[PDB]
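Encoded as structure tokens, the structure appears first; notes follow it.
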Amino acid sequence: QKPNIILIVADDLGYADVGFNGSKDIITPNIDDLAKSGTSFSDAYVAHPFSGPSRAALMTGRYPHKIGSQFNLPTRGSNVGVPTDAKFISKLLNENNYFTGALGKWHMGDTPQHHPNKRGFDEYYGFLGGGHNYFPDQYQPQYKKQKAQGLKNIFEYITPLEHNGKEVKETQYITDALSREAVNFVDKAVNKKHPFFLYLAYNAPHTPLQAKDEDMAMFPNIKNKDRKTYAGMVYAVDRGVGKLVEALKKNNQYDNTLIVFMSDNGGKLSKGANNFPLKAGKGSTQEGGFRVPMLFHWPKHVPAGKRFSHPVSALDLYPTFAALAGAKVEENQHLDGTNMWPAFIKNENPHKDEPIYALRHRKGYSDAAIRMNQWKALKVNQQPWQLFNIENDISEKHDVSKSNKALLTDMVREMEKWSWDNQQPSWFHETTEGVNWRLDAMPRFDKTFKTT
Amino acid sequence: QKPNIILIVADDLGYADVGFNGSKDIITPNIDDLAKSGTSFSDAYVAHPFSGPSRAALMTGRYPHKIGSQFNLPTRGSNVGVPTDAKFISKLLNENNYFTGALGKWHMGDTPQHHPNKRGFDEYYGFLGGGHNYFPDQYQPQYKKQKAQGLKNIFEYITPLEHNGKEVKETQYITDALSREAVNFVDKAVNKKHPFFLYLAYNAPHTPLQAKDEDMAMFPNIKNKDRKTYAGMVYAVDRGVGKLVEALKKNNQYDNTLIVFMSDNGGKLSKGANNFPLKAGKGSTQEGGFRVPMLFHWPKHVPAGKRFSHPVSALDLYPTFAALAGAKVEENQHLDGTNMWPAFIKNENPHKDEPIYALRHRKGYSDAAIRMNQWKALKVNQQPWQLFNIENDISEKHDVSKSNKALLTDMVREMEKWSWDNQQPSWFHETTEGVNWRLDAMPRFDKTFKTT
Amino acid sequence: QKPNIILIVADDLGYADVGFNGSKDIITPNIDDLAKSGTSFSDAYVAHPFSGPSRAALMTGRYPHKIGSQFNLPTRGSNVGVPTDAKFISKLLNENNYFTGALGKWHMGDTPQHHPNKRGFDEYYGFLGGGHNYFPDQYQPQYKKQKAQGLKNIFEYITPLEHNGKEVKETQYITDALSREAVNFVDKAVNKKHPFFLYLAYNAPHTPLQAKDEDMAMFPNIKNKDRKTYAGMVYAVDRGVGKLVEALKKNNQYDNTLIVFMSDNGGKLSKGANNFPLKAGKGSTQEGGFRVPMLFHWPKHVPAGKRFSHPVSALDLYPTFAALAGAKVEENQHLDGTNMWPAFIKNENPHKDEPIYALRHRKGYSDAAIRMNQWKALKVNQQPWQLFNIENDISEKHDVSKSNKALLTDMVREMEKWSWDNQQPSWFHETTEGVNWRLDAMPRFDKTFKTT
Ligand SMILES: O=S(=O)(O)O[C@@H]1[C@H](O[C@H]2O[C@@H]3CO[C@@H]([C@H]3O[C@@H]3O[C@H](CO)[C@H](OS(=O)(=O)O)[C@H](O[C@H]4O[C@@H]5CO[C@@H]([C@H]5O)[C@H]4OS(=O)(=O)O)[C@H]3O)[C@H]2OS(=O)(=O)O)[C@@H](O)[C@H](O)O[C@@H]1CO
Ligand SMILES: O=S(=O)(O)O[C@@H]1[C@H](O[C@H]2O[C@@H]3CO[C@@H]([C@H]3O[C@@H]3O[C@H](CO)[C@H](OS(=O)(=O)O)[C@H](O[C@H]4O[C@@H]5CO[C@@H]([C@H]5O)[C@H]4OS(=O)(=O)O)[C@H]3O)[C@H]2OS(=O)(=O)O)[C@@H](O)[C@H](O)O[C@@H]1CO
Ligand SMILES: O=S(=O)(O)O[C@@H]1[C@H](O[C@H]2O[C@@H]3CO[C@@H]([C@H]3O[C@@H]3O[C@H](CO)[C@H](OS(=O)(=O)O)[C@H](O[C@H]4O[C@@H]5CO[C@@H]([C@H]5O)[C@H]4OS(=O)(=O)O)[C@H]3O)[C@H]2OS(=O)(=O)O)[C@@H](O)[C@H](O)O[C@@H]1CO
Ligand SMILES: O=S(=O)(O)O[C@@H]1[C@H](O[C@H]2O[C@@H]3CO[C@@H]([C@H]3O[C@@H]3O[C@H](CO)[C@H](OS(=O)(=O)O)[C@H](O[C@H]4O[C@@H]5CO[C@@H]([C@H]5O)[C@H]4OS(=O)(=O)O)[C@H]3O)[C@H]2OS(=O)(=O)O)[C@@H](O)[C@H](O)O[C@@H]1CO
Ligand SMILES: O=S(=O)(O)O[C@@H]1[C@H](O[C@H]2O[C@@H]3CO[C@@H]([C@H]3O[C@@H]3O[C@H](CO)[C@H](OS(=O)(=O)O)[C@H](O[C@H]4O[C@@H]5CO[C@@H]([C@H]5O)[C@H]4OS(=O)(=O)O)[C@H]3O)[C@H]2OS(=O)(=O)O)[C@@H](O)[C@H](O)O[C@@H]1CO
Ligand SMILES: [Ca+2]
Ligand SMILES: [Ca+2]
Ligand SMILES: [Ca+2]
């Protein structure tokens, strides 16, 4: 039989905020179990250092730049989204006989054609925008008050959740709610001859910082208020993963299920997170912004107790899942990742002599990153290109560009070459951001790929 | 049997320039007959306050902004047009067994793929551009003189008319010519088992101001020269409508034919028109620019002698005609109107708690309008957003924004939300307009949707 | 039987640099033989005054502007190219039973979908970018040194040649190498029931100026160093044409083969060329930049010893070849040329009362050209539109605009009309060129089509 696949994605999870990736203060035993009896990844990179584009990339297998999705969708709502001509991994799997489910955060389009149920997800339970308030007792009264005033543009963090299009009245803390529905999904899946795919998109530990008192009580030694709340949010995810894991064991699903656990981007230091030993955090092209924790777990298939030290991209998940599912992939889909399993099993670099990119736009310029073999190229804050031996210098403290001029110049030029089929953005997260984009003649790649 | 449908569209007809919509000086008895034995609309809105985009919207059922058609086509000619992937209502009806005809003004593309005969019209007789000179005795000598000089770029107002692609030598005043062919069309239609659709696009009373002496003689009390000519132009349309009506009765078509009569946009005050009691006129986002006269007539179906006081959009005609014809509509067509018939028959607002928009671009900024229930939001002349209780204040004299800040802000934000899937314009009416568009980083929606 | 077709294209060949088009110093007897027993063209125009766009136009039959290909591809590499939805003439011919081959320079896209083997060429031997170093003994050591350093972005002029996707180690001077493979191609073609199409794209006499000592020895009277080298480069092409011609005769192919020989654009005066009697050279909208030498040769079909004096466009080759091959052409392909054979055989103007355009972009403005009947309109160097009787004034010395105001204005307005379906460029030859394009709000057609 072909394996079941679960992709679990935390939102704004810091590099050092789970036990298996070095957390000395937050405790995540159920997630750590999956690590201990599976393989974790010390060099795992998402395709963009924040949510919308990173998630677009997970589902499509393409850098968000190639499909006009370089920015988060408009915060106050919109009728646009990740283009429909890039087939989602869920759609492909559904076409090769998988029962498909998506839970929690979407952030890839509110309209009918961009909805999870038209991107190849049989079941969906969650909220369509960038995040959500965690307590129904807080958020449902506010929404009711505003809808009765006649307002149509309501902040999406307080709007109702939905199940396959129809609104619901959620009763639990959201992290637990999604965990409950993850159980319900795998339970529904037992009564089918088909294998299953589940995209579990937790909004924790993303703002707003809201945790159950019961979870926070587990971290009495954490004296900082925001960090303690953050910790409780993360522990709530861990309880969920443990609850899912039990349901999988109960159903004899555990053994033929590949579980991936990761973050969508780096942690935000001002909102409770820790990215040790990486520099900076969310949104940055420093390692802190797009290098994330990740583990695979699949008994008798994924090695137990290993730590894989070569680069892996979130882009690889698409063709990798497809190869494991026996689903055909077409050359016209323009996948930017690679099926990493053959290299993974031989403990070899799946991106041997090949770059992994990050390009994030700012006001009138762009920050960039390149990861190839031991090297990390970095363009940030309008400075000249720096270069790091990232294997010796994970914190990016020692720029060795002066003694590798030819190598750095080469990497940047390859990025310049790669840039040409990037589409103009189909939207921006705010109206003024698009106005400034047009005003500044963006992209200003003359600044971005100038060399020393 | 499914009903025949006639859509009659005057060009630049003022709000107060037909008898049934309050004209004290111009007399339109045959059009008034249709009103008296049918229902007129006091709150009827086109999708854009001038021709090309408004007509694009009629045919496609979509706001012109969504399909890159926010501007009139180049005045001196072009090889572009209303995109071919938006199925015209004529095409849909033709596919559900209707005999289709288009007469008069097109203004939606000169090229073969944009031609009426490829947009689902079996018969077409008219001129493809923005308007035409009215007297063949004046215009045919000028065209002949210029073609013999060897000139290829001839002002489209003097070029020959055509019938299904072949040129003709028209003998009558154009308003009468089109009326004659409207008779010919419905006559041709009797000898078929099919019902029929007719889009009669009069160019009257659009410039240039040219009328028959016989028509002007009917308005001896009109002392102003331009208004008298204008009046004669409008009376000529009325004669045409009466002539069509006779032919329909002669053929036992009258009783199972829905006739819609309306304008493409508001009247232009400097070229003879009157928009009483509305403010401003053609091209404005004030009511005068996009609120137009309209009547439905269909015996034993449309109430006789009524005046419907709730909002209706030209966008509604597409799905409304389709529902009456029993033609299926697909979610992928992205229709922006609603089938208004169910609400119409119950005398309810078909756009209850839903906005009707107008957005018209200017040099480096945009004017806008929102109509929802009793409210009219207005952005004009780079002023702050104003708000009107349009039911009490049709002339837009009393801005009540200060005492409804939350409501106004809400409406504007919904318009901001709606703006995101507007395409960049595929053309402009002049070369400099596109240059200025690019220079000004348009759209400048940061100005257009800023709130107080 | 339908005829074999060979299209031979020199790169940067000057107007006066072959014997049959007036060369007093360079000697080209084998090319001259084809002229003497065929027809040469005194008014032959490519679609754009430099390589990439001109070649795109040859293959697609469309002005490069219509398909976003107005510029040369990025010099340092890219993953974009001539769009795949414009069917190449090679593809059409392959679909109507032709054995297809492409040799030498491509300059129309490095990626798999843009590769010659996916644009309808069975065989390809050459280099994919803008040109190449001529001596393997010089270029192969440099490439080997750089590949061993680990560099991935290597100047394309020193990279290996390829044969149907696999790299090769070429042993000869490139002009001779391509000539040898042209022989190999026509030889392979004998053993097939099919006729054949061959696109022989010499990079000579394009930079860098490198010739065999043996060739240069034939021009001892040429005292200038660059001109002597240039001459040797051109003689090497002539040897190749003679070698191909022998192989064709050997195989009884000569008599039922249409050979076309031409340049991709005008000669560059600073790199050895001569465009007498034309003004300026490569890249200009003066005649020197896009009026090129051309001959047809096809015994008992093309008249022997004639000089055809009416305009012909490179755009005509597509439908002309197609008509001779009996291959159907569709209206949806939007071909911008005409099948010129019927007019050619009657010694009539195939573009009678129809313009041939050239539009080349510069820093914040564009130069333009129009050729119709005896007239040449010219916009250059930000000057006002000039007009020339090009039949009496081939060097463009006598502007007669003042006494033909109406005619000039007409031509320009038709060009303005033609401009509207030009696509925004899908790429530029350098990063800064695209930045400057966006900064300058290009195209600035308000400057380009302003009239007096
Ligand atoms: O008092 S509040 O609760 O703060 O007020 C509320 C609103 O403020 C909040 O709104 C969201 C939720 O929490 C904060 C803010 O976070 C933003 O959430 C986005 C997703 O919804 C997004 O995160 S992402 O999805 O992982 O990408 C935002 O990050 C992005 O922001 C920009 C767009 O892309 C990047 C930025 O350019 C990305 O961030 S990055 O650069 O670090 O990568 C994320 O910030 C909270 O706002 S706060 O400023 O952080 O405090 C408030 O707007 C409104 O007025 O009131 C509500 C009601 O409570
Ligand atoms: O002709 S070659 O020069 O050999 O070709 C080259 C490359 O092929 C080689 O690639 C590596 C190095 O030598 C062979 C192959 O060995 C594998 O090396 C891995 C690291 O890159 C890894 O070694 S490890 O680091 O000690 O772990 C592999 O071992 C692991 O494999 C499984 C996963 O964990 C263990 C196994 O269960 C671990 O093995 S262990 O028991 O030793 O601990 C190791 O196999 C050689 O390839 S070949 O397979 O022998 O053919 C080629 O990939 C590259 O593209 O080109 C070069 C050209 O020089
Ligand atoms: O003696 S003249 O008639 O003036 O000489 C001729 C030309 O002038 C005329 O050109 C047309 C016909 O009559 C006047 C002018 O009207 C324009 O017609 C357009 C359609 O072809 C269009 O109307 S529309 O279709 O209902 O929209 C024009 O309105 C638009 O204009 C701009 C583009 O979109 C809007 C504007 O931004 C829209 O108008 S709006 O802002 O009110 O909404 C309409 O003006 C007449 O010109 S005049 O200026 O009205 O006097 C002349 O230019 C030419 O050179 O020569 C001919 C022949 O002699
Ligand atoms: O000087 S060298 O020692 O030779 O240095 C070398 C490199 O410089 C060279 O680079 C190329 C090859 O030879 C010269 C230059 O020629 C350019 O070739 C292009 C195609 O590869 C193109 O020709 S084209 O394809 O027929 O069009 C260039 O012309 C175009 O350039 C722009 C894009 O479109 C136009 C321009 O806007 C078009 O020119 S046009 O307007 O005249 O039509 C053509 O210039 C040589 O450069 S030089 O300036 O002549 O000296 C150097 O870059 C590299 O780093 O090293 C080698 C030496 O090892
Ligand atoms: O003062 S001098 O004696 O003239 O100095 C000399 C050198 O400067 C000159 O170098 C060239 C020849 O004429 C000027 C300059 O032109 C530029 O050449 C570029 C490549 O060599 C390129 O030409 S192109 O490839 O044919 O296009 C430049 O054009 C491009 O620039 C932008 C990027 O793409 C386009 C632009 O957006 C393209 O322009 S285009 O679209 O119009 O094609 C072209 O400007 C001359 O420079 S000067 O300062 O203006 O005089 C000097 O560098 C050297 O050191 O010395 C010699 C004398 O010894
Ligand atoms: Ca996030
Ligand atoms: Ca009008
Ligand atoms: Ca060239």
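Mean Kyte-Doolittle of at least -0.5 and a Cα length of 24 Å or more along the axis: which whole DSSP H helices of chain C meet both?
Numbers: long enough: C:174-190 (25 Å, 0.31); C:225-250 (38 Å, -0.45).
Qualifying helices, which must be both long enough and hydrophobic enough, are C:174-190, C:225-250.
Above 16 Å lies some portion of the pair distances; for segment C:51-178, what is it as a whole percent of all C-alpha pairs? Write down the numbers at each step before the final one.
Values: 5168 of 8128 pairs.
Cα-Cα pairs in segment C:51-178 separated by more than 16 Å: 64 percent.
Please report, in debye to the nearest 20, how large the charge dipole of the protein assembly as shown is about its Cα centre when each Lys and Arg carries +1 at its beta carbon and each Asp and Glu carries -1 there. Kindly include the intermediate steps, with their values, before the conclusion.
Details: 171 positive and 147 negative charges, 164 e Å.
It comes to approximately 780 debye.
So if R0 is 25 Å, what FRET efficiency would residue A:118 and residue A:154 give, r being the distance between their Cβ atoms, rounded to the nearest 0.05? List each step's numbers first, then the result.
Numbers: r = 24 Å, r/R0 = 0.95.
The pair residue A:118/residue A:154 has a calculated efficiency of 0.60.
Give me the net charge for the shell around residue A:221: Cβ to Cβ below 13 angstrom, other residues only, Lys and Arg +1, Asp and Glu -1. Don't jump to the answer; show the numbers that get you there.
Working: positive: A:24, A:223, A:227, A:228; negative: A:25.
Combined, the nearby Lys, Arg, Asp and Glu give +3.
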Practice task
Express the relative contact order of segment B:324-452 as a whole percentage, based on alpha carbon pairs under 8 Å and six or more residues apart in sequence.
Solution key: 21
Problem - Förster radius 41 Å - calculated FRET efficiency between residue B:348 and residue B:188 (Cβ-Cβ, nearest 0.05) - result: 0.60
Handout entry: Amide H contacts of residue A:282 (H built 1.01 Å from N, under 5 Å, at least 5 apart or other chain)
Key = A:267, A:268, A:269
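Would you calculate, for the protein assembly as shown, the mean residue ellipticity at 222 nm contributed by helices, counting each DSSP H stretch of 4 or more residues as -39,500 (n - 2.57) and dividing by all residues, to the nearest 500? Walk me through the intermediate numbers first.
Numbers: 39 runs with 393 residues, N = 1356.
So the helix-based figure for the protein assembly as shown works out to -8500 deg cm²/dmol.
Expected output is a single nm value to one decimal: the length gained when fully extending between residue A:397 and residue A:423, i.e. 0.36 nm times separation in residues minus the C-alpha distance. What is it? Write down the numbers at each step before the final one.
Numbers: separation 26, 0.36 × 26 = 9.36 nm, distance 3.36 nm.
Gain in length upon complete extension: 6.0 nm.
Give me D for the protein assembly as shown in µm² s⁻¹, whole number, from Stokes-Einstein with Rh from the Kirkwood sum over alpha-carbon pairs, 10 °C and 1.306 mPa s.
On the way: Rh = 35.2 Å.
Answer, rounded: 45 µm²/s.
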Handout entry: Placed amide H near residue B:100: partners under 5 Å, 5+ positions off or other chain
Key = B:122, B:123, B:197
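Among residues other than residue B:423 whose Cβ falls under 14 Å from its Cβ, what is the net charge (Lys/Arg +1, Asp/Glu -1)?
Details: positive: B:62, B:66; negative: B:85, B:336, B:421.
Net charge in that neighbourhood comes out at -1.
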Fill in the blank from the handout: Under the Karplus relation with 6.51, -1.76 and 1.60 and θ = phi - 60°, whole-Hz ³J(HN,Hα) for segment A:155-169, x at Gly and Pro, equal 3, 5, 5, 10, 6, x, 6, 9, 10, 5, x, 8, 5, 10, 10
Practice task
Would you mind pulling out the separation of the Cα centroids of segment A:257-306 and segment C:318-333, in Å?
Solution key: 57
Exercise for the section: Report the charge-dipole magnitude of chain C in Debye, nearest 20, computed about the Cα centre from +1 at each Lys and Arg Cβ and -1 at each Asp and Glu Cβ. Expected result: 340
Exercise for the section: Step through the residues of segment B:200-207 one at a time and calculate ³J(HN,Hα) from phi using the Karplus curve (6.51 cos²θ - 1.76 cosθ + 1.60, θ = phi - 60°), rounding each to whole Hz and writing x for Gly and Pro. Expected result: 9, 9, 4, 8, 6, x, 6, 4
Exercise for the section: Run the quick spin-label model on residue B:213 and residue B:363: label points 7 Å from Cα toward the beta carbon, then report their separation in nm to one decimal. Expected result: 4.4
Exercise for the section: Could you pull the Rg and Dmax for chain B, using just the Cα atoms, both in Å? Expected result: 21.0, 66
Problem - For segment A:137-273, convex hull of alpha carbons as volume per residue, Å³ - result: 150
Fill in the blank from the handout: Under 5 Å from the placed amide H of residue A:170, counting only residues 5+ away or on other chains, we find A:161
Handout entry: HN-Hα J in Hz across segment A:337-348 - Karplus 6.51, -1.76, 1.60, θ = phi - 60°, x for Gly and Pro
Key = x, 9, 5, 8, 4, x, 5, 4, 5, 9, 6, 10
Completion exercise
On the formula 1/(1 + (r/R0)^6), with r taken between the Cβ atoms of residue A:243 and residue C:169 and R0 of 60 Å, the FRET efficiency rounded to 0.05 is 0.45
Handout entry: residue C:270 versus residue A:331: modelled label distance in nm, points set 7 Å from Cα along the beta carbon direction
Key = 4.0
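Every number in this text was worked out from the coordinates using simple rules, so none of it is lab data. In this analysis, Cβ positions are derived from the backbone assuming ideal geometry, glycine residues included, and neighbour counts consider all displayed protein chains.
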